[PDB]
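One structure below.
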Amino acid sequence: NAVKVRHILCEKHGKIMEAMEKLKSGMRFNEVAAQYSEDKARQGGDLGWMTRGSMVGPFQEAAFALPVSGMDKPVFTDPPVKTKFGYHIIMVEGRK
């Protein structure tokens with residue numbers, strides 16, 4: 001009853017389009033994550049399985065509500081999510 005979410009958190013600058021293109025696939029996930037890793041102490045990039053999920057509202061709600069049909073949704077939440085605390089790119093490797 002949990003999901004696997006791996007994302008990188010960075011401040012909002014307007015490069016959302018530059019982050020997804022630079023992220024391309026899991027090939028540069030570490031490259032963009034390390035450069036966009038502004039929450040290493042609070043987060044390690046991946047939270048693993050989450051049965052409930054309680055971090056904000058839209059970020060989690062979507063994590064547990066991610067649709068199963070999507071051309072680029074079975075990997076990264078495209079487009080990514082934009083919030084007042086910066087933008088976030090989540091990668092789902094497991095689903096409830």
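To be explicit about the labels: the chains of the structure tokens are called A, B, and onward in the order shown, and within each one the residues are counted from 1, while ligands get numbers from 1 in the order they are shown.
Considering only chain A, backbone DSSP assigns strand (DSSP E or B) to residues 3, 4, 5, 6, 7, 8, 9, 10, 46, 47, 48, 49, 50, 76, 81, 82, 83, 86, 87, 88, 89, 90, 91, 92, 93 and 94 of chain A.
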task: Would you kindly return, as a PyMOL selection string, each protein, DNA or RNA residue with an atom no farther than 12 Å from any atom of residue 40 in chain A, considering only C-alpha atoms and excluding same-chain residues fewer than 4 positions away?
output: chain A and resi 7-10+33-36+44-47
message: For the structure I just gave you, how does DSSP split range 29-89 of chain A - specifically, which residues are alpha helix (DSSP H)? Reply as a list in words.
response: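 In range 29-89 of chain A, DSSP puts these residues in alpha helix (DSSP H): residues 29, 30, 31, 32, 33, 34, 35, 36, 58, 59, 60, 61, 62, 63, 64 and 65 of chain A.
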Okay, now the selection with N, CA, C and O atoms, as an mmCIF file, in the first residue's frame?
data_model
loop_
_atom_site.group_PDB
_atom_site.id
_atom_site.type_symbol
_atom_site.label_atom_id
_atom_site.label_comp_id
_atom_site.auth_asym_id
_atom_site.auth_seq_id
_atom_site.Cartn_x
_atom_site.Cartn_y
_atom_site.Cartn_z
ATOM 1 N N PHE A 29 19.935 11.695 -14.342
ATOM 2 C CA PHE A 29 19.178 11.923 -13.077
ATOM 3 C C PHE A 29 20.146 12.315 -11.959
ATOM 4 O O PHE A 29 19.896 13.230 -11.200
ATOM 5 N N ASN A 30 21.256 11.634 -11.860
ATOM 6 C CA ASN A 30 22.245 11.974 -10.798
ATOM 7 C C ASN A 30 22.881 13.333 -11.096
ATOM 8 O O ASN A 30 23.121 14.126 -10.208
ATOM 9 N N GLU A 31 23.151 13.609 -12.342
ATOM 10 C CA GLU A 31 23.765 14.919 -12.698
ATOM 11 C C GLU A 31 22.824 16.059 -12.300
ATOM 12 O O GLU A 31 23.215 16.995 -11.630
ATOM 13 N N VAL A 32 21.585 15.983 -12.704
ATOM 14 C CA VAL A 32 20.618 17.057 -12.344
ATOM 15 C C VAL A 32 20.314 17.006 -10.843
ATOM 16 O O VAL A 32 20.196 18.023 -10.189
ATOM 17 N N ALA A 33 20.189 15.827 -10.295
ATOM 18 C CA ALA A 33 19.897 15.705 -8.838
ATOM 19 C C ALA A 33 21.015 16.350 -8.013
ATOM 20 O O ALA A 33 20.772 17.189 -7.168
ATOM 21 N N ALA A 34 22.240 15.964 -8.247
ATOM 22 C CA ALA A 34 23.367 16.556 -7.471
ATOM 23 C C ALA A 34 23.368 18.082 -7.620
ATOM 24 O O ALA A 34 23.491 18.807 -6.655
ATOM 25 N N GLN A 35 23.228 18.568 -8.821
ATOM 26 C CA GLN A 35 23.220 20.046 -9.032
ATOM 27 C C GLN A 35 21.927 20.651 -8.478
ATOM 28 O O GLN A 35 21.889 21.799 -8.077
ATOM 29 N N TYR A 36 20.867 19.891 -8.452
ATOM 30 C CA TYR A 36 19.576 20.423 -7.924
ATOM 31 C C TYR A 36 19.328 19.896 -6.507
ATOM 32 O O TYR A 36 18.257 20.058 -5.956
ATOM 33 N N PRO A 58 -0.070 18.805 -2.753
ATOM 34 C CA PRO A 58 -0.110 18.459 -4.195
ATOM 35 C C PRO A 58 1.026 17.497 -4.548
ATOM 36 O O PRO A 58 0.861 16.589 -5.339
ATOM 37 N N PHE A 59 2.177 17.681 -3.964
ATOM 38 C CA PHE A 59 3.317 16.772 -4.266
ATOM 39 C C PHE A 59 2.958 15.335 -3.876
ATOM 40 O O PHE A 59 3.118 14.412 -4.651
ATOM 41 N N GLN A 60 2.474 15.143 -2.680
ATOM 42 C CA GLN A 60 2.105 13.768 -2.236
ATOM 43 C C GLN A 60 0.801 13.331 -2.909
ATOM 44 O O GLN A 60 0.741 12.301 -3.553
ATOM 45 N N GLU A 61 -0.242 14.105 -2.765
ATOM 46 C CA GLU A 61 -1.539 13.733 -3.398
ATOM 47 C C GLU A 61 -1.298 13.201 -4.812
ATOM 48 O O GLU A 61 -1.841 12.188 -5.205
ATOM 49 N N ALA A 62 -0.481 13.873 -5.576
ATOM 50 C CA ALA A 62 -0.200 13.398 -6.960
ATOM 51 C C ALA A 62 0.602 12.096 -6.904
ATOM 52 O O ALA A 62 0.375 11.181 -7.670
ATOM 53 N N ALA A 63 1.535 12.006 -5.995
ATOM 54 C CA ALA A 63 2.351 10.765 -5.879
ATOM 55 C C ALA A 63 1.436 9.551 -5.680
ATOM 56 O O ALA A 63 1.649 8.500 -6.252
ATOM 57 N N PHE A 64 0.417 9.690 -4.874
ATOM 58 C CA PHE A 64 -0.515 8.547 -4.639
ATOM 59 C C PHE A 64 -1.650 8.571 -5.665
ATOM 60 O O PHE A 64 -2.471 7.678 -5.719
ATOM 61 N N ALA A 65 -1.703 9.591 -6.478
ATOM 62 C CA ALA A 65 -2.792 9.677 -7.495
ATOM 63 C C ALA A 65 -2.203 9.630 -8.909
ATOM 64 O O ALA A 65 -2.893 9.845 -9.886
#
query: Which is closest to residue 88 in chain A among A:24, A:42, A:73, A:6, if we use only C-alpha atoms?
result: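 Under the stated criterion, the closest residue is A:6.
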message: Here is a test: counting only C-alpha atoms, which residue of A:87, A:68, A:52, A:77 is nearest to residue 3 in chain A?
response: A:52
task: Give the answer as one residue: which of A:14, A:53, A:70, A:80 has the shortest atom-to-atom distance to residue 96 in chain A, using only C-alpha atoms?
output: A:53
Best match for closeness to residue 81 in chain A among A:48, A:26, A:57, A:67, counting only C-alpha atoms: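 Closest residue, counting only C-alpha atoms: A:57.
Proximity to residue 4 in chain A was assessed for A:16, A:55, A:27, A:75 counting only C-alpha atoms; the smallest distance is recorded for A:75.
One finds CA of residue 71 in chain A at 23.9 Å from CA of residue 50 in chain A.
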- line: Taken to one decimal, the CA of residue 12 in chain A-CA of residue 41 in chain A distance is 18.9 Å
